[PDB]
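See structure below.
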């Protein structure tokens, strides 16, 4: 028993004997593979042509939710015996069963029967068929590539295979998001999706990862352990990799983000397709992230919160930090808690492949409680974003709750909902979006060390405006403190005493450990 | 027939005009404060040499995505600014934004070597929001940018040599 | 008209402004004061406009110019002479009034005909070109409503004037009968406006289009830089002229000259693709080549043009004489020169020429056609 | 290639099929067996296709044909002779094998060259034309893989064959070295296929394009009506020929002739806009005019064409001798009459010709340029 | 520049092709079973004369809206059928529909004298649902029908003289 999309996560949460095939991008390819003897679907993120695809592989379809009936007969009231007879005999390619107990019995009894009847079928192109397909391709200048959301080089890949090199085609399997648009503009009627699959069969069959089951809520003891280091900043932030798989450049990007941040002792949590895709890769010692790191909600740990509905546990963790660690009331007190999270809880979401309407509402609900979100380049297609103007002083004024004075704060977080184009831009951005005005000197120093090192690693240069996050010398990364002090003096014109290793002028604001930052007039004492 | 790289990117009635390389170059030349915007695709096919040649004519470059690395590697970073395409769009449409040198906004924005579907939305933003003062956005890339004011037609990747001849003609016309 | 095309500011910029073939005729700005201004002799807008199609594109002589189609609509015939265009008669002429003959460039024909038209009440405004008293010899549109104002605009200015700006002013100031003077490009724009079926701007009120022969206009900065090389201040230049292969600059102290070839470097880029020497679409076309000193060469084209000269001659405001075949061939020769040289510049910018399915570079039309 | 245009089936129907300028070359059908079929010599589709751009439009010689640009790619040089195109030599030749010589239309040069290529393993398929056994003299593509099949294609068929259908068949059957024979329109399509940068259908495997000289093809219905008027059944016809101002119809009882001008009414509409008499884009072009009975006029064009004639002459499969100047002139005369008369047809369907801003009817082109 | 009568009627990437009157005429001539579709605008500018001239060439007429009144008053009702534009679209795309004479469907549909926004949607129904067998729908009307396969460009009502000149050329070519 294995699943695709979140039902796979929730099912493995019930049984550690089930398995997960993978994310949305893999759905069409797995179904087209014909490995499944029976397909049982419910609702959301299901291929709308799943009846077609099931029929093609001679797998009966069991639909269990009224959101998706596919023209099938509602046999909720029929005996499980009569349903099996109908499906086995083939007079109907699927059925609707809105009674879940009956649906389960039918599926289990039916898969044993179909497993025997489906032996001997072949679903993917053979070697000869594959050869005929790549040879007949006309290497069209602008057909399949134009219909493909990722603009993949299918024609050039086909001709390379016709000339005896299948690597170009095989490379496309992971970049492909299994949408099927390419095939519909091909007059040659090449099953492009299946041709890429055939070329990558070896790697597809070797796709064997390991993922921790959805843990769900964060424990109270974990909130008490990370609360202060998170608010002060010495835990450099919560990195939440979530969302769909409409990635620009394959599924390894989310793995590389999770890996990079866990190695830097961020709290790394994942859900839905993101959590799935990060589990497909193994490091030099052959271990998946979920095998190498603990599942505790703590710095340097990898946590599969669970399915897309489990995202709410991330909100809940930030609320509990305000309630348990800051002793704030939460009962019908949304604004005060959201303002707390925006000013003190270093966190950043990442939906590198954001696609669905559920992904837009997730981002909205995360944004409203004060947590920024980065999305992939396809995210421009949502039309709207929430972007800050770091140059407009009046936009970054917060109140010191001690006396009601107004203080201009560094852009922290600079943006609320922003789309990045490449992994190499996105990772420094995420670190940047974890800065918060209430970071202490050690916490800012931790966060700034990672932001500067990550910027140099992925972009080859320190950010143009990194000094905005420097309030005192103690904020400066320790190993390069003296060089940073010189850079502040000679490249940014700050008044710095290199002899005394002390900054005199330049910072956006003076460091004040007691600065009680809030946006809410009602919190002024 | 003008083919947008994503055939579904038929946004509305005002569609980018096909322009000669010489006309695209003269638009950059006639601009009081032009800006070259490059993306991750500049790191390929020796395209950064053209960006650098444009920059050395006195034109600032917005290096979006992770394109800054290629400039650092190439040894040309003067008047090249690291920025996100997303924030760059919001800043260009903001009349109070004083630009990367603090002297004012940009009247002409030209894109090159950018991921198609994000660059296109960057162009649509300026087309629809940077109206007063008007900011003209053009494309000298290999794609037919229906959302640009002026653009080249689609040039397939297997015909990249043709794209480079046309881009080189843009550079000579600035 | 036939072969008309729809277009907006974006098409104007793509095809004319940024193609470097705008000739500064003034037509786009004259009928879009709402958005268009001029900088360095080329139109700009500073705010987005929202018309589906614009007069800027419709009226421009450099977006689409179906010359032979417009010839049939204005003359009832197409040319038989490719060098001078369609004409019924070529004659030399000059004004009879000493004051007009002296202040006029050559023989004062244009000024005489205009003063005649206004004194007979046949026009109430003459859209011509004046001079800035702040910027020396800087040409500016002049809507003349008095025979004095007509004389003020006498003489040649070799800098380009957005003359059609004055036409637009006149068409909005209540004038009911307008006569306009223009170089070939101005005439082209005037005729495009009058023959347009996409926009109505009252252009039927323009009753006379008086064309001037033109080889090229000069860029102001380059021209005045030559005036400094020749140790001449534009404030003291009394007259300009081009003759005997010479560029003449007249001051009280006398006349300083220069080889007309050394002046080609001062020409406007927009003139490089100009294919009309003799103002082929004007009611009449008035020039100096072919005539003697103090006389004007006049090509009669339209019925209205023929009527203007006949009536003027019958009123003794001008004196007309025949012209020999050699003198006519002198006019023809310079036309061919401008058209041959400037076609070479045209085919450098133009896209492929298509004839049904056949497509060729324009300069290779002969290899394909014979 | 340069001046290439993207298009789909709708563009093909708009610009070619419904414009009445399809020449039944067979290219669009040859590379879209999935959708295109032919009905009365024109392509049709019966179900909607979903390609953004199609090979039907790209390969068609009547959508866009940049002949001079194609000449540069194929020969490295454009033409110096408008009537005949680019060529390095014109000779007269005939086959040496008596059986080929008796079966060939004139001297059997084409059959002799194809037989030489297959005998020496230079080709494994000759894409030529044959005759239907059920519909008398109806030409059909012939993919010859034997020297006997090559001989079975000898002789002229004056009805049009969709010959490119054979090239597409050979490219789909595994042939690695292909030669094809074609009328000028077939040659144009083959060259568009080989030079396309929009589609790769493996046409580099076509190694030889042998062109036939052609004045026109005849509609089947009209031609066979003409045969009935001559009291001749098509099944009784042994050979067709056109010579000595006469259309010759050979039967066992003897030869029946008719003045060739009366055959014009039988010509295919698509041939009325054909601007290519001598197969200007072929490797070699083979005809009859200028040569003696039993001999062929052969224009050498490409380097592959030259080496083919030299290697065939060395192998003694053809005999070659120079052609006289008066003979070459007779070839140019027929080319000029075809091109001049059909350009008259072209300009009646062609849209306006545009040269930068200037726009004129194609037929009035010389009034604008002289 | 092709101007759809409703500037907002940018439906998708497959946009109707400008065709000459002769090409539109020949497409009716080549059709095995063409159908002329007329709407309420045929009752103006002596446009019904052109529709009757077409019908008299052996072509059936679908008189949509209340155009049948004009055919009754004109004295030509033979091979003219009263039908709604909506039901007509459903019928044409139904491969089992045997037409007005019961002999089969129609392979070519030509619209003339129709309310723009409803006729456009009528054309878009056919383009998108009459795919197998393919039905070709064209416009010989005064509008740029972006939803037609082939169409004329926009001819404003104050230029109806030119439209009639082109429509007459269509009739001459059938």
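All chains are identified by letter, namely A, B, C, D and E, in their written order; residue positions are counted from 1 within each chain.
Note that in this section a contact is a pair of C-beta atoms (placed from the backbone, for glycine too) under 8 Å apart; a residue touches a chain by one contact, two chains touch by 3 or more.
K.L.:
When you check each chain against subunit B and subunit C, which touch both of them?
P.N.:
Looking at subunit C and subunit B together, the chains touching each of them are D, E.
K.L.:
Find the chain most remote from subunit D, comparing centres computed as mean CA coordinates.
P.N.:
For subunit D, the chain whose C-alpha mean is farthest off is A.
K.L.:
Relative to the centroid of every protein C-alpha atom displayed, which chain's own C-alpha centroid is closest?
P.N.:
Chain nearest the overall C-alpha centroid, as shown: B.
K.L.:
I'd like to know which pair from D-E, C-E or B-D copies the B-C interface, where a copy means over half of the contact pairs are the same by residue number.
P.N.:
D-E
K.L.:
Centroid from C-alpha atoms only, then distance subunit C to subunit D, rounded to Å. What do you get?
P.N.:
Comparing mean C-alpha positions, subunit D is 51 Å from subunit C.
K.L.:
So the centre of each chain is just the mean of its C-alpha atoms; given that, what is the distance between subunit C and subunit E in Å?
P.N.:
So the centre of subunit C lies 47 Å away from the centre of subunit E.
K.L.:
Determine the centre-to-centre distance between subunit A and subunit B, using the mean Cα coordinates as centres, and give it in whole Å.
P.N.:
29
K.L.:
Of all the residues in subunit D, which ones touch at least 2 other chains?
P.N.:
6, 11, 52-53, 197, 349, 351
K.L.:
What are the residue numbers in subunit E that touch two or more other chains?
P.N.:
As it turns out, subunit E has residues touching two or more other chains at 7, 13.
K.L.:
Subunit A: which residues touch two or more other chains?
P.N.:
Only 139, 141-142, 146-147, 185 qualify.
K.L.:
Sort out which chains touch which and give me every pair.
P.N.:
Contacting pairs: A-B, A-D, B-C, B-D, B-E, C-D, C-E, D-E.
K.L.:
Which part of subunit E faces subunit B closely enough to touch in the complex?
P.N.:
Those in contact with subunit B are residues 4, 7-8, 10, 12-13.
K.L.:
Sort out for me which residues of subunit C touch subunit E in the complex.
P.N.:
Per the touch definition, subunit C meets subunit E at residues 5-8, 11, 52-53, 197.
K.L.:
Going by the contact rule set out above, which residues of subunit A touch subunit B in the complex?
P.N.:
139, 141-142, 145-147, 149, 151, 153, 155-156, 185, 248, 377-378, 380-381, 385, 387-389, 391-392, 414-415, 418-422, 424-425, 429, 458-461, 463-464
K.L.:
Could you please specify the touching residues of subunit B with respect to subunit A in the complex?
P.N.:
3-7, 39-40, 64-66, 68-69, 72-73, 77, 81-82, 84-87, 90-91, 94, 96-98, 114-118, 121-122, 154, 156-159
K.L.:
Which of the residues in subunit E come into contact with subunit D in the complex?
P.N.:
Answer in residue numbers: 13-14, 17-20, 22-24, 26-27, 30, 131-134, 149-150.
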